[PDB]
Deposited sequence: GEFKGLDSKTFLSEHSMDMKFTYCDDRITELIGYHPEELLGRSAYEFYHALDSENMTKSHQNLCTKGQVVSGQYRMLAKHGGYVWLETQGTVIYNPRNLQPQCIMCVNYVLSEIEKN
């Protein structure tokens, strides 16, 4: 069992969803070091079965300026997937700020 703070991580992205920043909370949760994420599109990490839905949410975010993603799966560093939900906000566009919260343990 983990407290709330320990299950949330902030990320920043360019408009193409490439990571430009990620807080270190992701490491304990999903395995990645923030530096290895930079310059990589968020799309590289979505489960195949969530890709079409995440494309639509990205569209909504760009159109409206904010979005709450559905539940989706992010590929973990050492295999398997973690369920997440993200609140995204466009900063004006200059970049996208995401608040990401983990909904599960890593599932393989």
key: Sequence ranges without modelled C-alpha atoms (deposited numbering)   = 1-2, 95-100, 117
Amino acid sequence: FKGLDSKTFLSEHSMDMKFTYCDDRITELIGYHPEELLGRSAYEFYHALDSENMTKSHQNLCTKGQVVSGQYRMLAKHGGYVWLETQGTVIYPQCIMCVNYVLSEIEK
From here on, numbers count along this sequence of modelled residues.
note = Going by the entry, of stretches 91-99 and 6-14 the one with greater average Cα B-factor is 91-99
remark   = Once average C-alpha B-factors are taken from the entry for 27-35 and 40-48, the winner is 27-35
